[PDB]
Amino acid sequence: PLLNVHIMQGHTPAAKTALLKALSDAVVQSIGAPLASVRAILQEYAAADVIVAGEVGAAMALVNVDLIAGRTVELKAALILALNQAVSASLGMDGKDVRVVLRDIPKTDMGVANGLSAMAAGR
């Protein structure tokens, strides 16, 4: 799965390091994805650049997951839950302030190493 993570400015590099590791482990543990398929990249936002429920500057975290289609509803649920808890724990956040979005990508639509599709790679 390919994760892009969006957090508020203000956490330390060490805290953000632990978040990346915790998200990666959360993917491996919750759905059994091979470690080599797990990537996550992080971006920080100033409070002035976010709005939540009509309130500019309210805290949020967002984990977007592009992953190969075919996971059961139950594994998808485990993944959302594990990622939400990984963010809340790593950043000292309330889980109500975190959102996780899964985008099911068909195997013909997901690239892997050297520009082959996941279907081409026999995933």
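Just count from 1 along the sequence shown to find any residue number.
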{"query": "Mean C-alpha temperature factor, higher of 100-108 and 13-21", "finding": "13-21"}
{"query": "Segment of higher mean CA temperature factor, 38-46 or 89-97", "finding": "89-97"}
{"query": "Residue selected from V63, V28, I80, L67 by maximal Cα B factor", "finding": "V28"}
{"query": "Among modelled residues of the same chain, the CA temperature factor third for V56", "finding": "highest"}
